[PDB]
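Enquirer: sequence unknown, structure follows:
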């Protein structure tokens, strides 16, 4: 499973270096979910990958950047 990185209360994106320069992005994904998560910087913003069924993202109730 895959999903865009967003905060549960701030509703905002998490920006990073181009695509595969994912060194900051993987460290968010593996602390947001289980440590077995992964990700990359799709359009210079973090996109988590190799995820379980318990990842959700867009079905959140608000998710607009405060």
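Expert: Received it, and whenever you're ready, just let me know what you need. Residues are numbered from 1 along each chain as shown.
Enquirer: how deep is residue 19 tucked in, by neighbour count?
Expert: Residue 19: 13 surrounding residues under other C-beta atoms under 10 Å. Any C-beta I mention is one placed from the backbone N, CA and C, and that applies to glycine too.
Enquirer: that one reaches residue 45, doesn't it?
Expert: No. The pair residue 19 / residue 45 is not scored as a contact, 10.6 Å apart, by C-beta atoms under 8 Å.
Enquirer: what's the burial count for the residue nearest to residue 62 when sequence neighbours are not counted?
Expert: Using C-beta to C-beta, 6 or more residues apart in numbering and skipping residues adjacent in sequence, the residue nearest residue 62 is residue 11, 5.8 Å away. Around residue 11 there are 14 other residues, counting by other C-beta under 10 Å.
Enquirer: tell me the SS of residue 11?
Expert: Secondary structure for residue 11, judged by DSSP: H, G, I helix; E, B strand; the rest coil, is coil.
Enquirer: residue 17 versus that one, what's the distance?
Expert: 23 Å (C-beta to C-beta, to the nearest Å).
Enquirer: and what of residue 43?
Expert: From residue 43 to residue 17 the distance is 12 Å (C-beta to C-beta).
Enquirer: for residue 38, the count of nearby residues, please.
Expert: When neighbours are counted by other C-beta under 10 Å, residue 38 comes out with 16.
Enquirer: for residue 59, that is, sorry about that
Expert: Other residues lying near residue 59 total 6 when counted by other C-beta under 10 Å.
Enquirer: and it, that one's in a helix?
Expert: No. Residue 59: not assigned to a helix; according to three-state DSSP it is coil.
Enquirer: quick one: residue 4 and residue 57 touch, right?
Expert: Yes. Contact criterion C-beta under 8 Å: residue 4 and residue 57 qualify, at 5.4 Å.
Enquirer: phi, psi for the residue nearest to residue 62 please.
Expert: Dihedral pair for residue 11: phi 70, psi 10, per degrees, to the nearest 10.
Enquirer: and for residue 31?
Expert: The phi/psi pair for residue 31 (degrees, to the nearest 10) is phi -110, psi -20.
Enquirer: oh, and call the first residue 6 from now on, that's how I've got it
Expert: Yes, from this point I'll number from 6; that puts the last item at residue 36.
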